[PDB]
């Protein structure tokens, strides 16, 4: 196991944040919260610090009671929503928008890593409600679209709920590129929404969709082909929006979403100008050895158990027994021709192995790659500059990526 992967014996070193919530907060989450970046986009340290202090006093830690855990966030979430409602009634739209999104952030963290209890499932519905109230009051409002899942089969949901933002003056006469953002294991369309205004400012439409077994994805969790059907429904809908240039659709997968971006470069080659996998996997992410170690590494909670739940399995062992069938190597995806693919990740990733970038480069057509040495999952911050520079060149945008990136921190 310690000899198998690029990061070698790093796989056997438990991360301190698994000891307690206090360690998660102090060593991992307080800093991104203060800076207003993932997983705290649209959030404020003023909102989370009081909640953190109360959770730390209770001494909460793995194994978490997700109902007990989620409830700690609700008083603050509700407080922010009431301030938003009062601002809206008073006509203070900018203030109303801010506090609805701050409320959505508190609900979001309450149901991290994924809704696995009734209060977390409640937090997902409440978070979406206040997110879309805040989004509606943005200068350039972001809309929910319930895309008909026309490619759905028996047991699948009837809609693919997405975020949609179309730049002003976009039309069938003057159509715009579209970045299709594919979200991750924990961050859903209410989180990656933080990218949409930046793209709008550069004359680019955005659609944000969740991967199977997360958010409101209608896809069968255990069926490796369920994403294929979902993207057929989503791309049919984008094609029907004549203000979008269907020859300029770029799919950007974040995290776990990277697997789906890489997969759809093959399954939907002729409908996508390019796909990007940022911190994605392909094959070794489904290994027993990888999954049996990743619960205790850089991921804030239990990565492997969360992954198992998202793939529709009642426990990790049941997932590991079957996980090989999701491999893009094993199922033959990587032998197929692909559209333009860009692979970016930190070499030292302890969520998905850099070894899967190698597997991706070992099969089918050549793919663009940037490895980020000495960085873990997503290879930030340089990964964002690499990807924006490449998309700006691909779509002939203004190339002003610093201006776009500056809009991300809340």
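Residue numbers count along the first chain shown, from 1.
Trainee: Test of understanding: from the entry's C-alpha B-factors, which stretch has the higher mean, 318-326 or 209-217?
Mentor: Taking the mean B-factor of the alpha carbons in each, 318-326 is higher.
Trainee: Per the PDB record, is the mean Cα temperature factor higher over 181-189 or over 93-101?
Mentor: Stretch with the higher mean C-alpha B-factor: 93-101.
Trainee: Tell me, please, which of 264, 136, 285, 244 has the highest C-alpha B factor according to the deposited entry?
Mentor: If I rank 264, 136, 285, 244 by C-alpha B-factor, first place goes to 136.
Trainee: Based on what the PDB entry reports, which of 87, 249, 176, 160 has the top C-alpha B-factor?
Mentor: In the PDB entry, the greatest C-alpha B-factor among 87, 249, 176, 160 is found at 87.
Trainee: Once the chain's modelled residues are ordered by C-alpha B factor and cut into thirds, is residue 69 in the lowest, middle or highest one?
Mentor: Highest third, going by the recorded CA B-factors of the chain.
Trainee: Looking at the entry's B-factor column for C-alpha atoms only, identify whether residue 389 ranks in the lowest, middle or highest third of its chain.
Mentor: Answer is lowest: the recorded C-alpha B-factor places it there.
Trainee: Give the position of residue 269 by CA B-factor within its chain, expressed as the lowest, middle or highest third.
Mentor: It falls in the bottom third of the chain.
Trainee: Where does the C-alpha B-factor of residue 260 rank in its chain, lowest, middle or highest third?
Mentor: CA B-factor rank for residue 260: lowest third.
Trainee: Ordered by C-alpha B-factor within the chain, which third holds residue 338? Give me lowest, middle or highest, please.
Mentor: As the PDB entry reports it, the C-alpha B-factor of residue 338 lands in the lowest third of its chain.
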